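Here's a solo chain for you in structure tokens, the form deposited in one PDB entry.
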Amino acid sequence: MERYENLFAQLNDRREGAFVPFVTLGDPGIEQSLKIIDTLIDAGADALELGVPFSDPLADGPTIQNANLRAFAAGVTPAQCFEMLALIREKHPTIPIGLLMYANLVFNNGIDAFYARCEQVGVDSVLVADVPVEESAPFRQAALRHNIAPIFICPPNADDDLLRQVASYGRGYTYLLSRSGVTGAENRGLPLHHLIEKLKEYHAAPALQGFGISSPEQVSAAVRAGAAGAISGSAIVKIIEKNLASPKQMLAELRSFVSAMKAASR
């Protein structure tokens, strides 16, 4: 988790937020995926959120469902994702790496064993989309034992008890949910300034906004509101989808978009 702290302490000394892209690992193939991710970082990604292909991504809209399906068509499995992750870490020693997991992939071969493997490959945090704070105990405990930040969602319908649990249990960064629904660039995000303040009051981990971020305006808005950054998964995967037969122009279109996005955070 110590990579996130190091990041935020240097982002703030430079008066900017973080721009964290999301992609599916192995979308549309293992080796094009890696060059997507290297291109996101060189274009200016401050950290990464990385999804492992899952058979039923119930928090994800069609864009990322299709990302998942593309990786399955590529034959991409969890075990191959973890070899990918090791190569990304070995290339990028300071970039924080978070995983977007679904509970079954974490529980499949043992909760502790999953987090043991994350630590082995250099992952910094894990967000498990279908595990609320109420069912989080074994996930958060295994994460902390292997030095992995457990990422908790602060939703827009958060009451006060939620804020204070998220604040105490979370490490790395607090996930600021933009809206209800599933992932998608289609549905754009209610203003979230108030939750941000309460989170700071209770020593929460720093806050990134996600779900629906698609344009540079959205990104500057969130850092304007005192949040630490923004996450964009779709509108990034759609660039991937757009250019399935155009790998070269895929990466250039990505690079363009990213510090187009990153600059908005300065």
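All residue numbers refer to positions in the sequence shown, first residue = 1. Residues that one form lacks are left out of the comparison. Note that the rigid core is defined as the largest set of C-alphas that superpose within 1.5 Å between two forms.
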Would you say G75 is missing from a third or more of the other compared entries?
no
In a third or more of the other compared PDB entries with flanking residues modelled, does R179 go missing?
yes
Continuity check for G189 and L190, given as deposited residues lacking coordinates between them
1 to 3
Mean Cα B factor from the PDB record: higher for 152 to 160, or higher for 125 to 133?
152 to 160
Comparing 139 to 147 with 81 to 89, which stretch shows the greater average C-alpha B-factor in the deposited entry?
81 to 89
Taking the values straight from the PDB record, which of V182, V76, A167, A103 has the highest C-alpha temperature factor?
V76
Among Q32, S234, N68, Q209, where is the Cα temperature factor highest, going by the PDB entry?
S234
Consider only the C-alpha atoms of the modelled residues in this chain, order them by B-factor as the entry records it, and name the third containing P28: lowest, middle or highest.
middle
Lowest, middle or highest third: where is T39 by C-alpha B factor in its chain?
middle
For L50, the third of its chain by CA B-factor is the lowest
Lowest, middle or highest third: where is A116 by Cα B-factor in its chain?
lowest
Compared with the other modelled residues in the chain, in which third is the CA B-factor of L195?
highest
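Just so it is clear, the following notes concern the form deposited in another entry, a form of the same protein that is not shown.
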Just one of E201, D56, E31, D42 has a C-alpha that shifts by 2 Å or more between this form and the one not shown on a rigid core fit; which is it?
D56
Tell me whether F107 is among the residues that move between this form and the one not shown (Cα shift of 2 angstroms or more, core superposed).
yes
Note whether the distance between the C-alpha atoms of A59 and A86 decreases (closer) or increases (farther) in that other deposited form, against the displayed form; the change is 3 Å or more.
farther
Which is it in that other deposited form for the CA atoms of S214 and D56, closer or farther than here, knowing they shift by 3 Å or more?
closer
What stretches, three or more residues long, have all their C-alphas moved by 2 Å or more between this form and the one not shown when the rigid core is held in place?
55 to 60, 106 to 108
